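Trainee: Here you go, one structure.
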Amino acid sequence: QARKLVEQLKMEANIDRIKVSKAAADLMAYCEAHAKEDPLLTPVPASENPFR
Amino acid sequence: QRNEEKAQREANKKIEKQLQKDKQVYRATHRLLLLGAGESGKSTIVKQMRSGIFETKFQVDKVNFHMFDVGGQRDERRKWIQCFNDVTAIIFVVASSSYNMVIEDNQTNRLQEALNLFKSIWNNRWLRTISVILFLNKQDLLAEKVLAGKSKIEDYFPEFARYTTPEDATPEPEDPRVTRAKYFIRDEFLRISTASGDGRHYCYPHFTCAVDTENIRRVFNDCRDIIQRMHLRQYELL
Amino acid sequence: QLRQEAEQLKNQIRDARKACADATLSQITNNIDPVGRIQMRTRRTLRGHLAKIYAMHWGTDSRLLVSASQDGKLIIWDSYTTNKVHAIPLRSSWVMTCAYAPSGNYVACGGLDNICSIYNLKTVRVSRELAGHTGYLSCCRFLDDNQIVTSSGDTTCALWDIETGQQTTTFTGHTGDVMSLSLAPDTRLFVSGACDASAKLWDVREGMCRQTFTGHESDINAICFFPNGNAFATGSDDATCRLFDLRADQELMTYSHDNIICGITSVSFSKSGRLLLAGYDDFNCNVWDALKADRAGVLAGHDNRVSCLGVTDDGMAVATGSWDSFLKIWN
Amino acid sequence: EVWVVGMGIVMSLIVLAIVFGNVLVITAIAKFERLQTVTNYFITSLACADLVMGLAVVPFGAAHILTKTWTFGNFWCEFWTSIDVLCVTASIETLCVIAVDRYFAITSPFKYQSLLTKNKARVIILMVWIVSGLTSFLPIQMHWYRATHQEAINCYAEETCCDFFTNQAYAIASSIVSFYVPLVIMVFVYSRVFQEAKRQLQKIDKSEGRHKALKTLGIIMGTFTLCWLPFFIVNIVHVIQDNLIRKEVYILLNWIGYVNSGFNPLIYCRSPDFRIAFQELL
Ligand SMILES: CN[C@@H]1CCc2c(ccc(O)c2O)[C@H]1O
């Protein structure tokens, strides 16, 4: 049982990781780029909104 | 496009009529949850009263009771216990003759484990208004063990040493010692039950047995009392 | 014995994660302008469920959604016209999850019966009854019209094939019973969160958990990928929502409010990923600003506890289903 | 002047309180989906009856008592009398229906869920309002209630003043239907409910051995009885013998009965869910 756990942890050890700054910048850039195409972010025009 | 809307409206009306027809049945039926220690003889109660889940439907006095029992989920964590929020009552099955049987080992007592489980059920953020019907099987086995020597309650339960039989007790048509043991166990369950919550839900302790077959009537009476007390408290009389 | 080696590996993982961290997401996203207050009003309220609702799933077209309740009716709604397209009686009253196939032809649901039931809408009848889970299954999702992934209380996630009815592969090694599951936009990866406070990432093809995130303190009840697919947010009973990043292999921000201590039942993301909507046990589902972790708005329509919260694929509306048997569409 | 103005203030406060309470409870019931229930449908019917009372007969009655004359038309004073009878009968019969619903809920728990439905609640409310409307309008509008003695004829022919003069038969029947049958039904059902409550309390005391119902039923019965019983006793008495009962006492007891409409929401809407709904409303 413990052999499986230690093998899994060893497999998880050798993973390439990018700096948190780069990942945060990527998420921020995605949110900024796709901000326009969001009905929730920008209140939908009454004619445009299917529900009302 | 109007024809499609009309057809969809007709389908909606048919589904709504079927939903009302099913709502009548759903409101008619009362649901119960069977929760026990596991080795406490819950199956013997099921035989007399009547996949991981096991559902049986028994009706008494033209009232449909639907009982749900789960045994597959043996994990200590109980995340399915939060779904039984609309059940009329939770039937608790405990073997009162399991005090001497110590435990896998290292457990204090099976009765102690049942007390801990009952405390966890009672002190649940979701089952705050769900009453518990408590059944104590193996009364004959408990009597046989208590009358026989070398197995004393006080050895495993120190609180039994400074205990006396309750004055307002109704013995069956019994020995003093078995009566003291039974009422001590019932008082333990009741002290666990009453302290946490008041008025919202109550515990009904019954000294059932394997030979006894009137458990269906007892469950019916307990459910009637539960609904009466719920309605009385809703109107602020009780 | 091997416990010392496991502890040393865990310490090495923690040291590597700490060394990878240079700055927090707050330090970068504090400069950008805040989202501001957001007010959402219930456009349509869906009525007809007899008992409490656990899970829903928006259709691919965002027009239809399927809801599950304890009365046994699996109701399919037309969210635009507030009409019940179908109502499916269920063998077991107790159900914990439901799913809507991407093609819209199939609908799957499961519960405490330990059996995943798949229903064919266009032929309703049960197409296949999937068995093989010892514990209750808490979430079902569709990769394609033929492959379905179920998350069970057996502490193991499984991938099924509908045609053969047997699990193609199983995902083991996860301590607690899993309750939440989310598929990737490319469907190559998925995650599950269990009661052991650890959310793991799996690979469907390989069948091994690549990464494990253990930031939470209590049982994880909700999980959902960021729309990019490189991040996912988890909700737990610790009244905290945390955004985890796969490439950074750790959490970036935690979404907590000192005033509220109720646990989170379901989470979801907006289409752009800026808004993380998380339901709560206090009958109120909150809207968070993902980049700055500042709450934007609160939805107070529901009476009883919310259990499911989804966002349409087009991003037009958010549907929340609570225990008062009322499912409300927000926009 | 001050004495007349002093009365004007108290009737203004009474009508304002009745209207405010009734509109508040109706708005609370209608706004939230959790509050709609068969018993709450009966509460809504009671609130509607009391609101119609407060809007129609309390202000017109205050104007009549203060101005000492009826400026409006004879048809309008007849309409006012009809609306007054309708409101009183509907309110009291709705109270009786609420008592019956509680008695059925407590006495027969298993069948109560199936016995009473939304459709059955609607038809019971419709039947209660229909019988109240019959008892109010059908005798008054068809002019079957007018007395035979010339004292009533002079008042009913004149347009300046329009007071209440009633027959023996109509007064007895109206008093019976409006108050006495509901009184008997409510007393019986609440006695049974009290017996069942004390029985349940005795059972709770039997196990786990080591008041509130009395107070609740006491206030519920006392408010209604002290508000209405004297006025209906006077309704009977003034018909049986005319000398003793003066008009002022009759009108005073009528207004005391009117105040029951204002008192009703305090009694029947005193629940934590209603309190939360009121806090949300204002
Ligand atoms: C003008 N005032 C009316 C006259 C008679 C009457 C009232 C109330 C209930 C009844 O059953 C009645 O017969 C009074 O409110």
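Laboratory data are not the source of any read-out in this text; all were calculated from the coordinates shown. Here Cβ is always computed from backbone atoms with ideal geometry, including for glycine, and neighbour counts include all displayed protein chains.
Trainee: For region B:144-155, just list the computed ³J(HN,Hα) in residue order, Karplus coefficients 6.51, -1.76 and 1.60, θ = phi - 60°, integers in Hz, with x standing in for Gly and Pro.
Mentor: Calculated HN-Hα couplings, in order: 4, 6, 6, 4, 5, x, 6, 9, 10, 4, 5, 5 Hz.
Trainee: Using helices alone, I'd like the mean residue ellipticity at 222 nm for chain D: each DSSP H run of four-plus residues gives -39500 (n - 2.57), total over residue count, nearest 500.
Mentor: Mean residue ellipticity, 222 nm, calculated: -28000 deg cm²/dmol.
Trainee: Taking the Cα centre of region D:2-281 as origin, work out the dipole magnitude from +1 charges on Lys and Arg Cβ and -1 charges on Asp and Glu Cβ, in debye rounded to 20.
Mentor: Its charge dipole is roughly 1400 debye.
Trainee: Quick one: D:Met142, B:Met67, fewest Cβ neighbours within 10 Å first, how do they rank?
Mentor: Listed from fewest to most nearby Cβ atoms, that is D:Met142, B:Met67.
Trainee: Tell me which residues come under 5 Å, amide H to amide H, from C:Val191 once H is placed; ignore anything under 5 positions away on its chain.
Mentor: Close amide H contacts, sequence-distant or interchain: C:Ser182, C:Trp202.
Trainee: Once you charge only the Cβ atoms, +1 for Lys and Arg and -1 for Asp and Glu, what is the size of the charge dipole of the protein assembly as shown about its Cα centre, to the nearest 20 debye?
Mentor: Charge dipole, the protein assembly as shown, about its Cα centre: 1140 debye, nearest 20.
Trainee: Would you work out which of D:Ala105, D:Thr71, D:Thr81 lies farthest towards the positive end of the dipole of region D:34-141, given +1 charges on the beta-carbon of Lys and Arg and -1 on that of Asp and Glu, about the Cα centre?
Mentor: About the Cα centre, the residue reaching furthest to the positive side is D:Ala105.
Trainee: Quick check: pseudo-label points 7 Å beyond the Cα along Cα→Cβ at D:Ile176 and D:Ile9, how many nm apart are they?
Mentor: So the two model labels end up 4.5 nm from each other.
Trainee: Let me ask another. What average number of partner chain Cβ atoms lie no more than 10 Å from the Cβ of the residues making up C:143-154?
Mentor: Other-chain Cβ atoms within 10 Å of each residue's Cβ, averaged: 1.
Trainee: What's the ranking of D:84-93, D:70-79, D:51-60, D:38-47 by average number of surrounding C-beta atoms within 10 Å, highest first?
Mentor: Top to bottom by mean Cβ count within 10 Å: D:84-93, D:38-47, D:51-60, D:70-79.
Trainee: Using the charge dipole of chain A (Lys, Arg: +1 at Cβ; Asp, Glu: -1 at Cβ; taken about the Cα centre), state which of A:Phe51, A:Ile18, A:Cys31 has its Cα farthest towards the positive end.
Mentor: It is A:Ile18.
Trainee: Pop the C-beta distance of B:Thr129 and D:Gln36 into the FRET formula with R0 = 22 Å and round what comes out to the nearest 0.05.
Mentor: According to the calculation, E is roughly 0.60.
Trainee: Starting with the fewest neighbours, write out D:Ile106, D:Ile9 ranked by other beta-carbon atoms found within 10 Å of each beta-carbon.
Mentor: D:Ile9, D:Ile106
Trainee: Among C:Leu64, C:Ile38, C:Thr82, pick out the residue whose Cα is farthest towards the positive end of the charge dipole of region C:28-84, where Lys and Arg carry +1 and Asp and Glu carry -1 on C-beta, about the Cα centre.
Mentor: C:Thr82
Trainee: Residue by residue through region D:120-126, which ³J(HN,Hα) values in whole Hz follow from phi under the Karplus form 6.51 cos²θ - 1.76 cosθ + 1.60 (θ = phi - 60°), with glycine and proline marked x?
Mentor: With the stated coefficients, region D:120-126 comes to 5, 4, 4, 6, 5, 4, 4 Hz.
Trainee: For every helix of n ≥ 4 consecutive DSSP H residues, a contribution of -39,500 (n - 2.57) applies; sum these over chain B, divide by its total residues, and give [θ] at 222 nm rounded to the nearest 500 deg cm²/dmol.
Mentor: That comes out to -14000 deg cm²/dmol.
Trainee: Express in whole angstrom the spacing between the alpha-carbon centres of region D:131-194 and region B:17-72.
Mentor: 54 Å
Trainee: Straight-line reach from D:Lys68: which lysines have a Cα under 18 Å away, not including same-chain ones fewer than 8 places off?
Mentor: In chain and number order, the partners are D:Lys247.
Trainee: Between D:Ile204 and C:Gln147, with labels modelled 7 Å along Cα→Cβ, what's the label distance in nm to one decimal, could you check?
Mentor: Each label point lies 7 Å from its Cα, and together they span 5.9 nm.
Trainee: Treat the count of other C-beta atoms within 10 Å as a stand-in for reagent exposure and order B:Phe118, D:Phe194, D:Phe20 from fewest to most.
Mentor: Lowest to highest Cβ neighbour count: D:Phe20, D:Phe194, B:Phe118.
Trainee: Then there is this: Rounded to the nearest 0.05, what FRET efficiency do C:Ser103 and C:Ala300 give with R0 = 51 Å and r taken as the Cβ-Cβ distance? Could you check?
Mentor: The formula returns an efficiency of 0.90 here.
Trainee: Continuing with the same structure: B:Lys152: which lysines have alpha carbons under 18 Å from its alpha carbon, excluding same-chain residues fewer than 8 sequence positions away?
Mentor: B:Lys138, B:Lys182
Trainee: Separate question: What ³J(HN,Hα) values, in whole Hz, does the Karplus curve 6.51 cos²θ - 1.76 cosθ + 1.60 give for region C:32-43 when θ = phi - 60°, with x put for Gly and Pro?
Mentor: Running phi through 6.51 cos²θ - 1.76 cosθ + 1.60 with θ = phi - 60° gives 6, 5, x, 5, x, 5, 10, 10, 10, 10, 5, 5 Hz.
Trainee: Here's another thing I want to ask about it. Would you mind working out the magnitude of the charge dipole of region C:84-243 relative to its Cα centre, with +1 at each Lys and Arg C-beta and -1 at each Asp and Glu C-beta, to the nearest 20 Debye?
Mentor: The calculated dipole for region C:84-243 is roughly 480 debye.
Trainee: Amide H of B:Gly41 versus every other amide H placed in the peptide plane: which residues, excluding those fewer than 5 positions away on the same chain, fall under 5 Å?
Mentor: Result for B:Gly41 returns nothing.
Trainee: Right, next: Starting from the Cα of B:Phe58, step 7 Å along the direction of its Cβ; do the same at B:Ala148; then give the gap between the two resulting points in nm.
Mentor: About 2.9 nm separates the two model spin labels.
Trainee: A further question on this structure: Give B:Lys57/C:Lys73; A:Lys22/C:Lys10; C:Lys73/C:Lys271; B:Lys6/D:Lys31; B:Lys62/B:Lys119; C:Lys18/C:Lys271 a once-over and call out the pairs whose C-alpha atoms are over 23 Å from each other.
Mentor: Cα-Cα > 23 Å for A:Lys22/C:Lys10; C:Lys73/C:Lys271; B:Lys6/D:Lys31; B:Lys62/B:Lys119; C:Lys18/C:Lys271; rest within.
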